[PDB]
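What follows is one structure encoded as structure tokens, with my remarks underneath.
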Amino acid sequence: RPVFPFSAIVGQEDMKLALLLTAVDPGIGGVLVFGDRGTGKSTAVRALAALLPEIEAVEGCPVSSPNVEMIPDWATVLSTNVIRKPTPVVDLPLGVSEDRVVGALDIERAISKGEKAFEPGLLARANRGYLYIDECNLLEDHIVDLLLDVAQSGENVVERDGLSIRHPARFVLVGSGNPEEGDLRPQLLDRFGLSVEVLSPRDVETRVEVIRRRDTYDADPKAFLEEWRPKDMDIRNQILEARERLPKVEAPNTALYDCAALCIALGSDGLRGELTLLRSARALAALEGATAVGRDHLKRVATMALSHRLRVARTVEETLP
Numbered sequence: 018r019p020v021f022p023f024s025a026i027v028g029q030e031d032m033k034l035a036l037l038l039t040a041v042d043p044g045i046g047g048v049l050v051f052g053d054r055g056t057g058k059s060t061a062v063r064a065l066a067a068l069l070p071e072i073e074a075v076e077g078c079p080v081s082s083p084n085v086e087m088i089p090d091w092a093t094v095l096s097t098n099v100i101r102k103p104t105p106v107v108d109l110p111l112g113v114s115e116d117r118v119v120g121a122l123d124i125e126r127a128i129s130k131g132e133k134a135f136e137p138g139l140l141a142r143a144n145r146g147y148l149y150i151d152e153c154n155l156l157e158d159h160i161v162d163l164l165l166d167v168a169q170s171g172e173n174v175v176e177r178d179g180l181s182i183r184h185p186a187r188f189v190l191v192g193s194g195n196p197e198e199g200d201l202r203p204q205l206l207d208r209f210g211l212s213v214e215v216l217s218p219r220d221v222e223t224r225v226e227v228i229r230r231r232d233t234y235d236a237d238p239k240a241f242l243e244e245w246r247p248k249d250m251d252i253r254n255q256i257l258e259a260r261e262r263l264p265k266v267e268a269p270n271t272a273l274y275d276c277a278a279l280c281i282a283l284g285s286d287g288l289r290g291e292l293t294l295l296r297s298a299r300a301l302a303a304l305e306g307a308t309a310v311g312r313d314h315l316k317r318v319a320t321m322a323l324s325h326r327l328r341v342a343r344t345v346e347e348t349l350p
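Numbered according to PDB author numbering, the sequence shown spans residues 18 to 328, 341 to 350.
Put into structure tokens, the structure is as follows:
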């Protein structure tokens with residue numbers, strides 16, 4: 018199944034960087050995408066997922082276990098053969114029920130013969146992949162809260178109905194902020210790692226170029242990919258190498274000092290803010306092959322890492350000249 022390639026997407030610089038950063042260090046947290054209706058905010062996510070190496074998993078496993086030994090006890094898998102498949106991208110549609118999101122035990126069949134009665138949901142499908150929410154700000158507080166928690170913990174625990182069901186749920190959470198329903202609960206916004214704006218281009222020349230590329234891709238997806246995949250593979254190599262470099266990238270005191278100074282100068286105070294800032298800067302350094310995090314890495318990611326946590342660019346050049 019061909020997917021419009023990442024490298025052929027026009028503009029969306031910050032969106033692309035955010036996806037590369039969290040591809041390198043998912044510990045940065047979820048990505049919040051602000052923009053209007055037609056920005057096609059999940060295009061970049063699906064493209065990134067498509068340029069990443071396919072994952073190995075037990076064919077019949079609902080949570081994509083890497084091997085038979087990791088298959089959850091509540092799961093019933095017949096096809097134990099390990100295969101290669103694309104990194105999954107799961108859409109979280111508005112109005113979805115909690116049970117379809119987290120999964121639920123068929124209490125009826127559970128009394129028949131227990132645990133094996135658990136019916137996995139979207140979280141199971143998103144394991145080892147991405148979870149995209151098109152209208153996050155329209156989602157119910159308790160659902161978002163739950164998704165943020167699992168995205169952070171990397172595990173889904175359903176301790177309801179007299180059972181303790183659990184399975185791996187490690188994924189990059191990408192929530193889309195539709196135009197404007199009400200700049201919702203600041204309590205949740207602060208739980209997202211990065212925020213980016215993806216504005217639709219207003220000049221007809223850029224829109225036409227965007228239309229032209231998609232139309233050409235549709236004319237022959239295979240041929241389009243042949244043309245762009247070398248660039249997508251360069252992006253893949255950059256991420257994979259960055260991951261290998263990550264643990265060795267240095268974080269000198271000066272970097273921590275800038276991190277602390279910038280956050281103090283701002284409204285978005287500390288730790289959560291300071292740590293995300295530092296983690297994002299280091300991921301960037303790893304991406305650019307830098308030995309240590311410097312003031313520039315910090316300045317480049319500051320807006321994406323801090324903007325959404327206020328009650341920034343001005344404060345950045347001022348605090349970190």
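Think of the CB as a built atom: it goes at the ideal place given N, C-alpha and C, for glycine as much as any other residue.
{"Check": "Work out the CA separation of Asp-166 and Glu-136 for me, nearest whole Å.", "Outcome": "20 Å"}
{"Check": "Which of the three DSSP states, helix, strand or coil, is assigned to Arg-183?", "Outcome": "strand"}
{"Check": "Starting from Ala-67, trace the alpha helix (DSSP H) both ways and give me its first and last residue.", "Outcome": "60-68"}
{"Check": "Count the CB pairs spanning the stretch 173-189 and the stretch 228-239 that are closer than 8 Å, and state whether there are at least three.", "Outcome": "no"}
{"Check": "Beta-carbon within less than 8 Å of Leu-216's beta-carbon, same chain only, minus the 5 sequence neighbours each way: which residues are those?", "Outcome": "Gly-52, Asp-53 and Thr-56"}
{"Check": "So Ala-64 packs on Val-213, CB below 8 Å; how close in whole Å?", "Outcome": "Actually they are not in contact, since the Cβ atoms of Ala-64 and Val-213 sit about 15 Å apart, beyond 8 Å."}
{"Check": "Buried or exposed, going by whether 16 or more other CB atoms sit within 10 Å of the CB of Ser-129?", "Outcome": "exposed"}
{"Check": "Cβ atoms of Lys-316 and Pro-19: under 8 Å apart, would you say?", "Outcome": "no"}
{"Check": "Would you decide whether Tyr-274 is buried or exposed? Buried here means 16 or more other CB atoms lie within 10 Å of its CB.", "Outcome": "exposed"}
{"Check": "Under a Cβ-count criterion, where at least 16 other Cβ atoms within 10 Å of its own Cβ denotes burial, should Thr-104 be classed as buried or exposed?", "Outcome": "buried"}
{"Check": "Taking Cβ positions only, does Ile-26 come closer than 8 Å to chain C?", "Outcome": "Although the question refers to chain C, the structure presented lacks it and comprises just one protein chain."}
{"Check": "Where does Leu-111 sit, in a helix, a strand or coil, going by DSSP?", "Outcome": "coil"}
{"Check": "Using the Cβ count rule (16 or more neighbours within 10 Å means buried), how would you classify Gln-204?", "Outcome": "exposed"}
{"Check": "If contacts are defined as beta-carbon pairs under 8 Å, then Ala-322 and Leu-294 qualify, I think. What distance do you get, rounded to the angstrom?", "Outcome": "5 Å"}
{"Check": "Do you know offhand how far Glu-73's Cα is from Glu-115's?", "Outcome": "29 Å"}
{"Check": "Only counting runs of 3 or more residues, tell me where the beta strand (DSSP E) segments fall wholly within the stretch 152-181, in order along the chain.", "Outcome": "172-175"}
{"Check": "With the cut-off set at 8 Å, would you say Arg-142 and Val-113 are in Cβ contact?", "Outcome": "no"}
{"Check": "Less than 8 Å between the beta carbons of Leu-327 and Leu-292, yes or no?", "Outcome": "no"}
{"Check": "Under 8 Å between the Cβ atoms of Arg-117 and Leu-148?", "Outcome": "no"}
{"Check": "Please list, in chain order, all residues of the same chain as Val-161 whose beta carbon is under 7 Å from its beta carbon, the five residues on each side excluded.", "Outcome": "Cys-153 and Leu-205"}
{"Check": "Based on Cα-Cα distance, which residue from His-314, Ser-193, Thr-320 and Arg-312 lies nearest to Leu-109?", "Outcome": "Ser-193"}
{"Check": "Take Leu-180 as the anchor and find which of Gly-46, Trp-91 and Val-318 has the nearest alpha-carbon.", "Outcome": "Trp-91"}
{"Check": "Could you give the uninterrupted runs of the beta strand (DSSP E) lying entirely in the stretch 211-294, keeping only those of 3 residues or more?", "Outcome": "211-214"}
{"Check": "Thinking C-beta only, is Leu-263 closer than 8 Å to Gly-46?", "Outcome": "no"}
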